[PDB]
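A lone chain, given as structure tokens: the form deposited without benzimidazole (BZI).
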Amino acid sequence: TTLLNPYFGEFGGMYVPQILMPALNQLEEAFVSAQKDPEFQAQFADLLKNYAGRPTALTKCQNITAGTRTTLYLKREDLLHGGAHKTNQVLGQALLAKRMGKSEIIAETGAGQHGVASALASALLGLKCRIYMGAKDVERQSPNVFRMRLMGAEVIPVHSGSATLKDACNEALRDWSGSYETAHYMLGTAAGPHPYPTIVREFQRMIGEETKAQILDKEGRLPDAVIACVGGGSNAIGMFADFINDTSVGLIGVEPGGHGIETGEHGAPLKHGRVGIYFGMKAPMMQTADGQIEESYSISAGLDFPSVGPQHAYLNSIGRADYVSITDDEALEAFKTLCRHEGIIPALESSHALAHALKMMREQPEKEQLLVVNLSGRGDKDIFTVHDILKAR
């Protein structure tokens, strides 16, 4: 039995070994209690304001939209402490860990931003943090590994399976299945077993709440659409949540198209994968015909979670949200455009969201539309990736 619905229609659930069910039930009960607790809400609000820097700006992009009937705002999660939206929910999960009397954090990470976010939250709140990372990712993310170690976190390379993010996800759950009484598993996206998709949404939903207030103040109306990249689903559900009941507002999620959907070298399971059961949930997955879990491919390693949050699969199934893809080359052009025309270096992840808004504008330049892109992170981390491609052109 649970307090909350573990499913979003057919998607989600709690597909973990029996040994882990008490850990998930304990977490759900702590979360439900925390959401009714004014003291918990005040502590979380204090950390978000005074440590992370919320509220984040909402920046208008007139240079990009000149000569069209598009108005484009960027929700500036790139200005959050740590340089990405991930910081919001790790602060909430660290407070939940403390509420449950836990002194230790376990986290998984792919390209390393969740590892860094988990390490900085743990450093602030006096928690002992260990991070699982695929050995292949450890090799190619030395800057993020060094950040995690500067912040006092243990980084544990994972050599099993493909030695990438899904293998680090597995290792985190294997550890938790022995250590749950003293360690909290700080899952990095709006996916995995219930209650994680729910928790991560509620600890990201200030993105959309602030965006709604800011757009009402500036424009006197709601956006026509809010647009966010989808790796596992956290920044997008954080932007979308407060608009779900505003039926006039489009919700557009952008998966990575990689080299192109037709090449198979992409990370768009929601629209181009197949429903399966893995990492504790029933959701669209990158998988072989035989049901072996595959990697997502994107120029942006941050979009390579090989499934998607079950609430996105649900919102798609009922037609409330629409999901599209953007290729490596489209994301790269958006990156360059924002740098040159607004002086903002966006994460290559976020560049996928911007690229789709640029397409919405350029395809129909006389369409009146008020758009918000969730600028989920800054792209200092990507300048050598972009340099290596440009230089080879």
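Take the two forms, superpose them, and find the largest set of C-alpha atoms that agree within 1.5 Å; that set is the rigid core. Residue positions are given as counts along the sequence shown, with the first one as 1.
Comparing the two stretches 254-262 and 104-112 by root mean square C-alpha distance in 4 other deposited structures of this protein, with all structures fitted on the core, the more displaced one is 104-112. Of 174-182 and 302-310, the stretch whose C-alpha atoms sit farther from the shown form in 4 other deposited structures of this protein, after fitting on the rigid core, is 174-182. For the segment pair 108-116 and 211-219, the entry gives 108-116 the higher mean B-factor, averaged over Cα atoms.
Higher mean CA B-factor, judged across 15-23 and 379-387 from the recorded values: 379-387. Which of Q204, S179, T87, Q93 has the largest Cα B-factor in the deposited entry comes down to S179. Reading the B-factor column for the CA atoms of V230, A190, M281, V145 in the entry, the top value corresponds to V145. Among the modelled residues of its chain, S234 has a C-alpha B-factor that falls in the lowest third according to the deposited record. When the modelled residues of the chain are ordered by C-alpha B-factor, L173 sits in the highest third. In this PDB entry, the Cα temperature factor of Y185 sits in the middle third of its chain's modelled residues. In this PDB entry, the Cα temperature factor of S122 sits in the middle third of its chain's modelled residues. In this PDB entry, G257 carries a Cα temperature factor that places it within the middle third of its chain's modelled residues.
Keep in mind that the form deposited with benzimidazole (BZI) bound is missing from the display, and what follows is about it.
The stretch from 165-173, 219-227, 241-249, 315-323 that comes within 4.5 Å of benzimidazole (BZI) in the deposited bound form, counting heavy atoms only, is 165-173. When you look in the deposited bound form, the only residue of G208, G253, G231, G257 with a non-hydrogen atom within 4.5 Å of benzimidazole (BZI) is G231. When contacts are judged by a 4.5 Å heavy atom cut-off, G302 counts as touching benzimidazole (BZI) in the deposited bound form. Taking the partner from the other structure, benzimidazole (BZI) in the deposited bound form has no heavy atom within 4.5 Å of any heavy atom of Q311.
Among heavy atoms of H184, none comes within 4.5 Å of benzimidazole (BZI) in the deposited bound form. Interface membership of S298, defined by any non-hydrogen atom within 4.5 Å of benzimidazole (BZI) in the deposited bound form, is ruled out.
Scanning 1-18 for heavy atoms within 4.5 Å of benzimidazole (BZI) in the deposited bound form gives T2, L3, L4, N5, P6 in sequence order.
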